[PDB]
Amino acid sequence: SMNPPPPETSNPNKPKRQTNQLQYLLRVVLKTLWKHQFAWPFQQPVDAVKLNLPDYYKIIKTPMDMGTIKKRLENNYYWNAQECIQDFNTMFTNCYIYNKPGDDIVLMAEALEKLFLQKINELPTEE
Ligand SMILES: Cn1cc(-c2cc(S(C)(=O)=O)ccc2OCC2CC2)c2ccccc2c1=O
């Protein structure tokens, strides 16, 4: 029923980099998905109390959302692009796991994931 603490966005002992691929993930990938008309359900951690989803965190044990990804990118939380790409994929997969096929939220995730895949296909080579 209750909400868990959110995923971490700050860890001073975690080594960090600012690479051109990570810059692309913020400037192109995150920005493109964030401005999309279907972004709103994914811009913050799922609030299972407000949405009356008492079983959400019984089912979803690796929660992820673009609000967290945005903070991670802006705070240079990552070492490499694969870490961030994994966070996006976790977000999409959680939606498909928890929800039923054809639900509005699933159609929304699918539209964002299509754009995500298009942008990742053009991920620049590491400088
Ligand atoms: C990822 N995700 C996100 C939402 C969700 C979360 C929030 S909020 C600010 O409270 O966090 C607000 C709206 C939301 O959905 C709206 C779309 C369905 C029209 C959601 C809601 C019900 C069931 C599953 C999910 C889910 O799987």
# chains A, B, ... in the order shown; residues from 1 in each chain; ligands from 1

$ residues_near_ligand --ligand "ligand 1" --cutoff "12 Å" --atoms "only C-alpha atoms and all ligand atoms" --output "number ranges by chain"
A: 3, 6, 37-57, 59-60, 63-68, 88, 90-110, 112

$ select_by_dssp --residues "region 2-39 of chain A" --states "alpha helix (DSSP H)" --output "JSON, numbers by chain"
{"A": [20, 21, 22, 23, 24, 31, 32, 33, 34]}

$ closest_residue --among "A:82, A:21, A:32, A:11" --to "residue 122 (chain A)" --atoms "only C-alpha atoms"
A:21

$ residues_around --residues "region 116-118 of chain A" --least-positions-apart "5" --cutoff "12 Å" --atoms "only C-alpha atoms" --output "PyMOL selection string"
chain A and resi 24-26+28-34+36+84-89+91-92+109-111+123
